[PDB]
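What follows is one structure encoded as structure tokens, with my remarks underneath.
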Amino acid sequence: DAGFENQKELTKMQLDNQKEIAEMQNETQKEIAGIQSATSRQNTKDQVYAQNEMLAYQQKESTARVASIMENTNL
Amino acid sequence: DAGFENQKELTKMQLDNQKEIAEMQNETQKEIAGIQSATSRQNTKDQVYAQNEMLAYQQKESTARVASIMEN
Amino acid sequence: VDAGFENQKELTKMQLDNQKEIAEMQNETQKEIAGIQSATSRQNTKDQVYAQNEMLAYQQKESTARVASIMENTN
Amino acid sequence: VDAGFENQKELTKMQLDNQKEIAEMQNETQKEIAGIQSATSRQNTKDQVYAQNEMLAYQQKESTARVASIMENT
Amino acid sequence: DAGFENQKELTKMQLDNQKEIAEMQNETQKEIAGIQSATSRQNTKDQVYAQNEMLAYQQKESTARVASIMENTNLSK
Amino acid sequence: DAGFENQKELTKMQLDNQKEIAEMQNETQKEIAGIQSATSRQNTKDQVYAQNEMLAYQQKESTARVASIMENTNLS
Amino acid sequence: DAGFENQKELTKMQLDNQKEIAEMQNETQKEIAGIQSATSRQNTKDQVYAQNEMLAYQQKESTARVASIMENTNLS
Amino acid sequence: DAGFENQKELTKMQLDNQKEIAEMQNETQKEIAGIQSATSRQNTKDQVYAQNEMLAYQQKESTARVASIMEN
Amino acid sequence: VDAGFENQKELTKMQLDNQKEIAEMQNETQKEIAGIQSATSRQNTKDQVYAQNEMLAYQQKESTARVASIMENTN
Amino acid sequence: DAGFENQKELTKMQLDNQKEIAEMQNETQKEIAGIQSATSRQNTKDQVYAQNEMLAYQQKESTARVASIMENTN
């Protein structure tokens, strides 16, 4: 049955091709997920930058306000 | 039956290949969901950082205000 | 009693079982991913409402104080 | 005499049953996922409106006190 | 004839199966849409509850302020 | 052509089934879009209710504030 | 061949049916896009209604405020 | 083969039909994208209208505020 | 040779060429739609931040005046 | 077998075509992701421009107020 070994060769060609295509698709999808994640992270960092830089100033000012308030309250 | 054992072999080869492809695809989908979840969680933490850090200060200032209100 | 037919039936069952097994694995994967998405969304929500919820008792107290002063200054 | 036909019929039937069962399983899976999404969305919403709803009665009473003051001074 | 009646039965089996699968999918899609709609509606009700409940209070207060303002204004015109 | 008319019959059975399936799918999609639209419209109405109900009060109060402000500046 | 022209007829029936099904799907999707668009436009109008109705009042009140501020200054 | 010529003819009919159906679907998706774009642009204009109309007024009021501020 | 094969090869090439063309048409369509979505998103964003950006210079000027005033009213 | 080598040529033609199609799809999807990313990044930059530009001003003003306040509580 040369027919059988031949058929096995053709079948394997097809299966190997399908597996290669699937692998490239999976890799593509993971790369795209990478890009989406990187973009989302960088976006979030850019968005929170100002509130994070204002933080220490707002804490300092709040504390000064409390000191003032309590001073006035006592007298 | 040699011929039937042969057809059975080819069939099994195809079925194993299809199953392997499905498994790699499923694993890919789970890894992507993992990336999306980690990204979403970290974005959320980054976003709520400042309000969480202002918490204790806003509480102390509210308390001070209450003392002042009750005085007046 | 048809050997050829029993053979065809066996091969057919192999393919159909494989297709079913693949379907089951895909469905399980989809359900697990939905579980991940759910867990993440819930934890995100908890993280977001944390500050809100923590300020609640203080805001109620301060509102009560404002009312105390308002009513005292009325009549 | 129609044995070949009854055989082809049996095979076709096996395939069709299998397809219908797979569709049924996919459909049930989608329904279950929708239930999960709905439950999560409902609970998220409850968690979000909690603070609002707890402040409500205070905001109403403070408004009423303000009104009493305004009307005295009017 | 015989082969044809046979063939027509096989064909009909496939067509009926495909139609049933399509109907099951349509019903499933509609059920899911019903769940999403009910959920969205209930979420919206929960969200607008507080502002709706503040409405009458804000209206009464605004009216009070208007009365006070207009009085304070009219006393000098 | 007997066999050919039989062929046309089987073929048309297929074509009609496919057209019926497609028609029912299209109807389903339209119904779902109708539900989504109705839901979105009602959600929107519920959300803007308070806003809209406060409108006349806010306008009246604003006009009052303007009268007050202007009276005070044409005082001093 | 007569067998040919017959086969061509069957083929044509199939192709025409596939084209018709596709066309009805396209029309369905366009109708749904039309519903989504109309719903989104009306939602947006409902949402911005209060904003837009308050606009003139906020403008007049700002103008009054500015006149007040200018009056209360002592210079120029 | 005359049979081959006929076969090639049926094939071409099928391939052309598939290409036309694909073309019609693509045109449909693009028209829908056009509708979505036009809708989103108009929604955005409607939304920012009030903002943009308050601009000149807020700018004037800020300027007056500055004149008051530096006078004390 | 095998003329039947040459025929078969031609038919197969017609089909493959067709499939590839259809795939290219779809890829190009998806890219054009991405272009439309991006241009729309960019213009929407510009329209949205217009007011913000136009108030910037006034808010900066006013803040600067406030700083100077604070310095003058500080002992 | 010449017949086998022929079938092998047809098979390979089909498989190569399928691989080329998949590659073109993958490339297209990557390109679209790139457009979406560039767009989202530029949108974000446009959005945060104003608050970033106000930052230094708000910091200086905060410092001034704090100095004033602290001097006053003494």
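Both backbone and side-chain heavy atoms feed into the values below; hydrogens, waters and symmetry mates do not. Quick note on labels: first sequence line is chain A, next is B, and so on, each numbered from 1.
Highest contact tally toward chain C, considering only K30(B), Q51(B), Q59(B), is held by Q59(B) [criterion: heavy-atom pairs under 4.5 Å]. Listed options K19(B), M70(B), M54(B) were ranked by heavy-atom pairs under 4.5 angstrom with chain C; first place goes to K19(B). Interface check for chain B: of the options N73(C), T40(C), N7(C), the most heavy-atom pairs under 4.5 Å are formed by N7(C).
Within the model, atoms CD of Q8(C) and CZ of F4(B) stand 7.5 Å from one another, a figure rounded to the nearest 0.5 Å. In this structure, CE on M25(C) lies 5.0 Å from CD on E23(B), to the nearest 0.5 angstrom.
For the residue pair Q29(B) / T29(C), no side-chain donor-acceptor distance below 3.5 Å is found, with atom types taken as modelled.
When all heavy atoms of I36(C) and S37(B) are compared, the pair lying nearest together is CG2-CB, 3.8 Å. Across all their heavy atoms, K61(C) and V66(B) have their closest contact at CE-CG1, 4.0 Å.
The stretch residues 48-59 of chain B participates, sequence neighbours left out, in no salt bridge (charged side-chain N to carboxylate O under 4.0 Å, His left out) pair at all.
Inspection of non-hydrogen atoms places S40(B), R41(B), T44(B), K45(B), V48(B) of residues 40-48 of chain B under 4.5 Å from chain C. Using non-hydrogen atoms only and a strict 4.5 Å limit, the part of residues 8-17 of chain B facing chain C consists of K8(B), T11(B), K12(B), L15(B).
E28(C) is linked by a salt bridge (charged side-chain N to carboxylate O under 4.0 Å, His left out) to nothing, counting only residues two or more places apart in sequence or in another chain.
At a 4.5 Å heavy-atom cutoff, the contact between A68(C) and chain B is made by side-chain atoms alone.
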